[PDB]
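The chain below stands alone and is given as structure tokens, in the form deposited in one PDB entry.
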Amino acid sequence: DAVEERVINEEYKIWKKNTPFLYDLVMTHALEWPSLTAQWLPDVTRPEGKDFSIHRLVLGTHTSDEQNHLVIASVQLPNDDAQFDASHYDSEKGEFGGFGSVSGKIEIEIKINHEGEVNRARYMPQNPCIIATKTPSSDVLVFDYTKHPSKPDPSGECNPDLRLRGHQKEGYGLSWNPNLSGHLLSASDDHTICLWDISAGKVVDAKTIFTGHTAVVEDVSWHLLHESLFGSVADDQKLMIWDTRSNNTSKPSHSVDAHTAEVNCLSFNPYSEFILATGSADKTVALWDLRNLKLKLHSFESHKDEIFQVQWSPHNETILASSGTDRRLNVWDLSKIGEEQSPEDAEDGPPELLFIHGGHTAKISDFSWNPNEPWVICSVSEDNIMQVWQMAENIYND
């Protein structure tokens, strides 16, 4: 354990020292418990005459011998009129680590009682007050956080607004249909994908169960432009494309062997109808075109361990990020794939590797792009850290 932790320590302190060349903004916060999930709520408050805006994050807890909570936290982010010392990572004189928004502290606004750890938590696009949550009891739970108290009952009792049934095992995949209000997908260890139309007592049985996979279904995402289409990835090393119009729910529309190992996550491009990405335990991120899934358009190889999460930028068609157990979050620029680069540069990675975030000390469980502050990312890791950060503008320009 000493050899690994000496490398990690020095590489982390090196990273802090270098953080002024690499970030417009870095904020390190310590949660009481580590979060397995992280997602920016879509609302932003821009107070009149202030040099900060207010954002909200859906997080949860992961603890085994204390009560768990769905968490809504608040973040103050700088805007362009905010003056701060970007010249060095502060760890002694403030309430977060790094530099940026003086007021940029995370604040816990709502803790809601939950049945066990929060495997994943996502808000519904058509009504961001509604968060679906994935529990270890295999239920999917729905909360309207506006109707729950700010302080949770110390009895710990969890009172979901809806309890979605259909799974027999827990899972992590969760995706709201962005073009049909209330249509939720879920991927489970029970090898099944479950669909609910919660525009339907407080318990709801699944509208539809898709059974193509033969192992743990790691992730599921709706296609962002086609209300009938969604993708899934599983421990059977397959990517599968499903059409809710089809009468057969035991067979996908398309089924490719996507990677040489388990496939953990996928995400559809918010601008192209045909582009999506998967991430795999084979340390690869694969790019895919729906017009011919018969082989990868491209494989992004710089990660050094299992990749557990991928997300397209919401502001830029050709920007993609991935996160893994190698303690790194990589940002890719698809437009740079064939590019020529200096032999100096080639030692640091392919030209499509835009940026490497070395800010996390343990495995990164999840990250979200901010939908209102371009290039700002929130990422969380298994050592309780939540980092809110923004790559230097210098890097993604010329």
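For every residue, the number given is its place in the sequence shown, counted from 1. Shifts are known only where both forms have a C-alpha. In this text, the rigid core denotes the largest set of C-alpha atoms whose superposition between the two forms falls within 1.5 Å.
The form solved in complex with a partner chain exists for this protein as well; it is not shown, and the discussion that follows is about that form.
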{"item": "Partner contact for residue 119 in the entry with it bound: the partner chain, 4.5 angstroms, heavy atom", "value": "yes"}
{"item": "4.5 Å heavy atom contact, residue 264 and the partner chain in the entry with it bound", "value": "yes"}
{"item": "Contact label in the entry with it bound: residue 216 to the partner chain, heavy atom within 4.5 Å", "value": "yes"}
{"item": "4.5 angstroms heavy atom contact with the partner chain in the entry with it bound for residue 172", "value": "yes"}
{"item": "Superposed on the rigid core, segments between the shown form and the other one of at least 3 residues with Cα shifts of 2 Å or more", "value": "1-3"}
